[PDB]
Structure formats: C-alpha cells, structure tokens
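Heads up, the thing below is written out as structure tokens.
Number of protein chains: 2
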Amino acid sequence: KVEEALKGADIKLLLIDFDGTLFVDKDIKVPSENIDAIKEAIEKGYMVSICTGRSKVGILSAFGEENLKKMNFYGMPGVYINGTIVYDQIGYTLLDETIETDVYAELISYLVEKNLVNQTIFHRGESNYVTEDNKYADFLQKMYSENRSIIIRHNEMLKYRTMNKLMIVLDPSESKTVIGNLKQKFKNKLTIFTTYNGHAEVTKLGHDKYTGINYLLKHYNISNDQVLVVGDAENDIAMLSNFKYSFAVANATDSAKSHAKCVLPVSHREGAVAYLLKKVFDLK
Amino acid sequence: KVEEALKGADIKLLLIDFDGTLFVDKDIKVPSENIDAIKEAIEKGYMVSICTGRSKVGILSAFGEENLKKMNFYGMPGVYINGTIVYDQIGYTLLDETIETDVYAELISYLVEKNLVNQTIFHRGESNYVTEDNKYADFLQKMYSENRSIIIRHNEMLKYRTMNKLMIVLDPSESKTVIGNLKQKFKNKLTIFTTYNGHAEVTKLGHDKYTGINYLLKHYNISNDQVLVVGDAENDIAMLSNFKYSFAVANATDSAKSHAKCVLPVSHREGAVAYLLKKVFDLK
Ligand SMILES: [Ca+2]
Ligand SMILES: [Ca+2]
Ligand SMILES: [Cl-]
Ligand SMILES: [Cl-]
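Heads up: the protein sequence lines correspond to chains A and B, in order.
Under full-length UniProt numbering, the first residue of the first sequence is numbered 9, with each subsequent residue one higher.
Under full-length UniProt numbering, the first residue of the second sequence is numbered 9, with each subsequent residue one higher.
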C-alpha cells in the first residue's frame, strides 16, 4: 500500500510535521529511530524541512543539542508557526508574517473581555510570553519539551502591537465553546487551527504550512512531484491535500487520513517517520 | 452588512470571479452596470483582476471588443484556468502550469477506458480542442459566448503530452457517478473541481485561484488587507476563505456563502459586482 503509493517518486524534499508525527510526547520526544532516519536522509542528499505550528527554537529544544549534532540538522530550512515564519537552508528569513495591528488589537480586546489572556501563550519570532497570572507558565516545557515561556506583567503584554501566534491553552471543558466563538468573531480575519488536544492556535489570515512551503519550492526550484510530506492533524490538511506523495500517520485525525494519499500502517510512537523514510530510501 | 463588512478597508485590488458573479448566461453575458463598475474602478485607480477557470481569450470573447474598449480592460492582470495561468498588468506570463506528463498520460488512458474523451475539452494556453466525434463542439461558443473549440481526429488528440486543463462536459445524470470515480482514481494527483452545472474541471495538483492570485500579490507587493474578492462556486472557496473582504453573491453555492465573510443581498443578474464596487468606491 505504501510502496505502491511511493512508486515512481523522484523525491528531493522531505517535509515532516513535528508534533504527532516526528515528536511523540514529553517522554519519548523524537525516537532515536527517527533521528537516524533524518541523519541518513541528510547524508543521502535529501533536503529536510520540518513543518510545524512550533517555532525553530521550540523544535531545537525538543530535539536536544546532542541529536542536532547527531543529525547535522539545525531546523534550516523549516516552515514554522504554521507557515508564517520560513527560513532557508542557511537561515535567511524568507518570510516573517505577523498579525495586522488593527486585527491584533481587536483580538487582545476580545481576549480581555472573554478573560483568556491569562491562559494565552504570546509568540513573536523565536520567543514566547505569558502573563504573571498564567497558571500554565510551565506548559510548553512540561508538555512539549520546550524552554519555559517568559513571565511578564499583564499590562506589559498589552504594550505589544503584534504577534506571529497566540496559543490559547484551553480546558477540554471549554474548547468547543471558546474556539467556536473565537472563530465566528474573527471569521475571515484570522487563521484559527484547533490543536490535537483542544487548544487554539491563532495566526495571520491566509497563511498555513502549505503557503509557507511554497516559498521553499520557489527558492530551490523544486516541483510538487519531488516533495514527500507526512503529518497528522488539522493544520497538516492543506499540505496533505496538495501534494501527491503525502502520508498520514496511523494516529492521524480522520480528516488528515482522508486528505492524504496514503495512511501509514504505523503510528508516530512506532516510528512512522523512520518507516516512511526507509521506504523512500529504497526507491533510489 | 456589506458596508459594515468593509468598515475602513484600504482596498487596492479587485478580484472578480467571472461566471456566476460577473457573467450571467448566454443572452445577458456581462450586464452593462458591471462594465461601468469596472470602467470606473480602473479610472479611480483600482487594479482589477478576473480570477476564473476560463482562459484569457475565453473571457475576452465573452466580454466583446466593445466592452473592453469601454472599460479600458483587456484581461491584464489576470488569474486564469484556476490559477495555473497568470498574467501581470503588462502581459508577462507569471505562471503557466501544465499537468505532469506521467499523470496526464494516466489521465488520458483513464478517459479512453471510460469513453469520456469524446465529451472532454482540452485546454492549452489560450487554445482549446475537442475530438471529431464530440457532440459538444459548439459548447463554449453557444453556452458561454466563447470562440468555438478547434476540432481534430481522436488519434491527433492523444499525440499531445500535456494540457493546462481538461473540462469534462457531463450529463447531469452521471456527474455524481463519474466525478466520484475520477476523484478516487486521481486523488492527490490532480485538482478536480465541479462546475455549477456538474461538469469536471481538471487542473494540476496544488493549484487554485488563491495560489495563482499570490503571484500578483507578490509581484505588486499588495497585502491581504488590501484585497477585495467576490465569487460563487467550489473553485472560489480558497480565495473567499483566505481573504478578509470576501463576498459571495446571493446566488452563490452554500459552501461559498459560508467561507466568504459576507453574502451579498443581490445576485449576479441583479448586478452584484456593480453593487459591491459602488459600496467600495464610496469608502474613498
Ligand atoms: Ca502535528
Ligand atoms: Ca464562477
Ligand atoms: Cl506541529
Ligand atoms: Cl469561473
């Protein structure tokens, strides 16, 4: 099933989702089987780009310094913050899109009246921020293997005129209600993806991983034919539907699985990425 | 609603769908109010781009030489063939994407097997072609006020290695059935949209009006904030979703109506483009 879906592919670019695909959890993180797979990928001439809602530093912290040295990979190139930040292979900033100030002012204003600021992670570039009254200040570290967000007073947070991303950490009690209301309030004003476990990710209208990825394709003159992509959740759908050699992990959402060419027989936990990469390697 | 939906918009680009939006049918073609609207938009300094599944010359035919003079508009800039052909204001080819030759070969092999070749309009650039045994040779001419398709022997048709688009003309009986089987034979291999009349428009994978439009945004450094868009059907949804000042005509499909910011109170035959542009004009 996989070998058939891969037949005839001349693959030059490997686009890998991070959470739910390459990264499994706080504990397993990225299995050594996957670190090896990328290591060999880079030795065999494949361009690797991770495509995530996370930042580069977020991805580098979850990997660890040792694994980076092991792979010889430092998140360049990469599509980050759901395609609003894109670096090339040598670190040039091909794209850095922040939310429009007016819309962003309307958003902070909503988040205050809806009382959600003290549970929002505020992202700009390679940094993220939370308020003094945030009970989940440890959240990206504890649950995603990142560094601790920087804690600042509430009225200092509202001084900033824009962000690349706002992650609203939601209780599974409130998710539906809060996201639905956020979606209708900022319909055609913001991009709002729902995290695997119920949180909201808010970015600039019109961008997602797929549009981030096009910058890399133009830059390095790589066609659709030559892209392998693999992912799991809502913000992977655009890149799963829009490439041919596209793959969903066994643990993917229903939508991810239907929009992908092919659903892998193996979960992220079981080394889905290493499994798929080795089947790409035996083509050449 | 509408003037509310436009509050404080600094619009510099008008992106107008053709059929179902600007162009009504055989007899009405494009209402005179719409022609004046475009005429004035160009005089008031707005960049205008028609975004459609049709070719440029297809749109210029339906318009007629006199209207083009009256508007001072000749389809440039433009997004044509669902984003696979794009012209800048001066007429430079920003993009001419054709189906991959391995996929195209498979596609034609599938069309013969299903005897669909004798009802399929083959598009390359500003030309389109049909087979000697095609009953629908007068189809674009009579139904859509275009120039007649060029007719050639079946064996001549399958000498061609690629096309920008195949529009499979379908009998309203067998739309659901034929497109269904088409969408699974070439899932993640081709873009297949369904026309308002249940016909199949087949283009290269990973392209739509939105991705084509982005060439114009980049070429002229126009931000999303500044883009006003209007449409009606399945092939408009990505541009209605990712833009802020996005409008669906009263006659739009349910999907288009929801993905847009705002549904117009007026339909395409009641002069919806004229209606919307007037409300955009008096912002200034
Ligand atoms: Ca993911
Ligand atoms: Ca249309
Ligand atoms: Cl992710
Ligand atoms: Cl159209």
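Don't be surprised by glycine CBs; every beta carbon is placed ideally from N, CA and C.
- Message: Is there a Cβ of chain B sitting closer than 7 angstroms to that of residue 108 of chain A, yes or no?
- Response: Looking up residue 108 of chain A in the first sequence gives position 100. It does; some Cβ of chain B falls within 7 angstroms.
- Task: Please classify residue 185 of chain B: does DSSP put it in a helix, a strand, or coil?
- Result: Locating residue 185 of chain B in the second sequence gives position 177, counting from the first residue. Of the three classes helix, strand and coil, the one that applies to residue 185 of chain B here is helix, per DSSP.
- Task: On a CA-only basis, which of B/36, B/240, B/79 and B/135 is nearest residue 204 of chain B? Give me that one, please.
- Result: By 1-based counting over the second sequence, the position of residue 204 of chain B is 196. Of the candidates B/36, B/240, B/79 and B/135, the one whose C-alpha sits nearest the C-alpha of residue 204 of chain B is B/240.
- Compare the C-beta of residue 239 of chain A with all C-beta atoms of chain B and state if any pair is closer than 7 angstroms. As a first step, residue 239 of chain A must be located in the first sequence, where it is residue number 231. No, its Cβ sits nowhere closer than 7 angstroms to a Cβ of chain B.
- Separation of residue 31 of chain A from residue 276 of chain A, as counted between CA atoms: Numbered from 1 along the first sequence, position 268 holds the residue referred to as residue 276 of chain A. Numbered from 1 along the first sequence, position 23 holds the residue referred to as residue 31 of chain A. C-alpha separation (whole angstroms): 7 angstroms.
- If the cut is a Cβ gap below 8 angstroms, which residues of chain A does residue 251 of chain B touch? Residue mapping note: residue 251 of chain B aligns to position 243 of the second sequence, counting from 1. Result: 196, 213 and 214.
- Message: I'd like to confirm something about residue 241 of chain A: is its beta-carbon nearer than 6 angstroms to some heavy atom of ligand 6, or not?
- Response: Of the ligands one can find in the structure shown, namely ligand 1, ligand 2, ligand 3 and ligand 4, none is ligand 6.
- Query: Would you say residue 202 of chain A and residue 187 of chain A are within 7 angstroms of each other, going by their C-beta atoms?
  - Reply: Within the first sequence, residue 202 of chain A is the residue found at index 194, counting from 1. Within the first sequence, residue 187 of chain A is the residue found at index 179, counting from 1. Yes, Cβ-Cβ distance for residue 202 of chain A and residue 187 of chain A is below 7 angstroms.
- Query: Should residue 233 of chain B be flagged as near chain A, meaning a C-beta pair shorter than 7 angstroms?
  - Reply: In the second sequence, residue 233 of chain B corresponds to position 225, counting from 1. Yes - at least one Cβ of chain A is within 7 angstroms of the one on residue 233 of chain B.
- Item | Within 8 angstroms of chain A by C-beta, residues of the region 261–272 of chain B in sequence order | 268 and 269
- Within chain B, the residues that residue 254 of chain A reaches when beta carbons sit closer than 9 angstroms: Reading the first sequence from its first residue, position 246 is the one you call residue 254 of chain A. Chain order gives the chain B residues near residue 254 of chain A as 196, where near means a beta carbon separation below 9 angstroms.
- Message: Between the alpha carbons of residue 223 of chain A and residue 252 of chain A, how many angstroms are there, rounded?
- Response: On the first sequence, residue 223 of chain A is found 215 positions in, with the first residue counted as 1. On the first sequence, residue 252 of chain A is found 244 positions in, with the first residue counted as 1. Cα to Cα, residue 223 of chain A sits roughly 18 angstroms from residue 252 of chain A.
- Kindly list the residues whose CB is nearer than 7 angstroms to the CB of residue 154 of chain B, restricted to its own chain and excluding five residues on each side of it in sequence; keep chain order. Taking the second sequence and counting its residues from 1, the one referred to as residue 154 of chain B is at position 146. 66, 69, 70 and 148.
- Message: In this structure, how does DSSP classify residue 276 of chain B when only helix, strand and coil are distinguished?
- Response: By one-based count along the second sequence, residue 276 of chain B stands at place 268. Coil at residue 276 of chain B, not helix or strand.
- Query: Do you know offhand how far residue 55 of chain B's Cα is from residue 89 of chain A's?
  - Reply: Residue mapping note: residue 55 of chain B aligns to position 47 of the second sequence, counting from 1. Residue mapping note: residue 89 of chain A aligns to position 81 of the first sequence, counting from 1. Near 31 angstroms, if we compare the C-alpha coordinates of residue 89 of chain A and residue 55 of chain B.
- Task: Please work out which residues of its chain come closer than 7 angstroms, Cβ to Cβ, to residue 79 of chain B, disregarding the five sequence neighbours upstream and downstream, and give them in chain order.
- Result: Taking the first residue of the second sequence as 1, we reach residue 79 of chain B at position 71. The residues are 43, 46, 47 and 50.
- Message: Strictly below 8 angstroms CB to CB, what residues from chain B border residue 16 of chain A?
- Response: Here residue 16 of chain A refers to the residue found at position 8 when the first sequence is read from its first residue. Those within 8 angstroms of residue 16 of chain A in chain B are 110.
- Could you spell out the range, first to last residue, of the alpha helix (DSSP H) harbouring residue 145 of chain B? In the second sequence, the residue the question calls residue 145 of chain B occupies position 137. Counting along the chain, residue 145 of chain B falls outside any alpha helix (DSSP H), and DSSP gives it neither H nor E.
- Cβ neighbours of residue 127 of chain A in the same chain (closer than 8 angstroms, five flanking residues each side left out): Indexing the first sequence from 1 puts residue 127 of chain A at position 119. Hits under 8 angstroms: 142, 143, 144, 176, 177 and 178.
- Query: Taking Cβ positions only, does residue 281 of chain A come closer than 7 angstroms to chain D?
  - Reply: No chain D is part of this structure, whose protein chains are labelled A and B.
- Message: Rounded to the nearest angstrom, what separates residue 117 of chain A and residue 281 of chain A at their Cα positions?
- Response: On the first sequence, position 109 is the one that residue 117 of chain A refers to. On the first sequence, position 273 is the one that residue 281 of chain A refers to. If I take the Cα positions, the gap works out to 41 angstroms.
- Same chain, Cβ closer than 7 angstroms to residue 101 of chain A, neighbours up to 5 away in sequence not counted: Locating residue 101 of chain A in the first sequence gives position 93, counting from the first residue. Apart from sequence neighbours up to five positions away, the residues of its chain that approach residue 101 of chain A with a beta-carbon distance below 7 angstroms are 95, ordered along the chain.
- Message: Quick check on DSSP: helix, strand or coil for residue 47 of chain B?
- Response: Reading the second sequence from its first residue, position 39 is the one you call residue 47 of chain B. If DSSP states are grouped into helix, strand and coil, residue 47 of chain B belongs with the helices.
- Message: Check for me: the alpha helix (DSSP H) holding residue 110 of chain A runs from which residue to which?
- Response: Translated into positions along the first sequence, residue 110 of chain A becomes position 102. 109–121 is the span of the alpha helix (DSSP H), which, as asked, contains residue 110 of chain A.
- Message: Just to confirm my understanding: we take residue 192 of chain B, look at its own chain, exclude 5 residues before and 5 after, and list those with CB closer than 8 angstroms. What are they?
- Response: What you label residue 192 of chain B is simply residue 184 of the second sequence in a count that begins at 1. Result list for residue 192 of chain B: empty, nothing under 8 angstroms.
- Item | C-beta contact flag for residue 19 of chain B and residue 236 of chain B at 7 angstroms | Sequence index remark: in the second sequence, residue 19 of chain B carries index 11 (1-based). Sequence index remark: in the second sequence, residue 236 of chain B carries index 228 (1-based). Yes, the pair counts as a contact, with Cβ atoms nearer than the cut-off.
- Inter-residue Cα distance where the pair is residue 23 of chain A and residue 82 of chain B: Here residue 23 of chain A is taken as the residue at index 15 of the first sequence, counted from 1. Here residue 82 of chain B is taken as the residue at index 74 of the second sequence, counted from 1. Spanning the alpha carbons of residue 23 of chain A and residue 82 of chain B requires a straight line of approximately 40 angstroms.
- Confirm, please, whether the CB-CB distance from residue 269 of chain B to residue 196 of chain A is below 7 angstroms. Counting from one through the first sequence, the residue named residue 196 of chain A turns up at place 188. Counting from one through the second sequence, the residue named residue 269 of chain B turns up at place 261. For residue 196 of chain A and residue 269 of chain B, yes; Cβs fall inside 7 angstroms.
- Item | 6 angstroms Cβ shell around residue 260 of chain A - same chain, five flanking residues per side excluded | Stepping through the first sequence from its first residue, residue 260 of chain A is reached at position 252. Result list for residue 260 of chain A: 240, in chain order.
- Query: Just to check, is the beta-carbon of residue 61 of chain A closer than 6 angstroms to a non-hydrogen atom of ligand 3?
  - Reply: As a working note, residue 61 of chain A is residue 53 in the first sequence. Yes, Cβ of residue 61 of chain A sits closer than 6 angstroms to a heavy atom of ligand 3.
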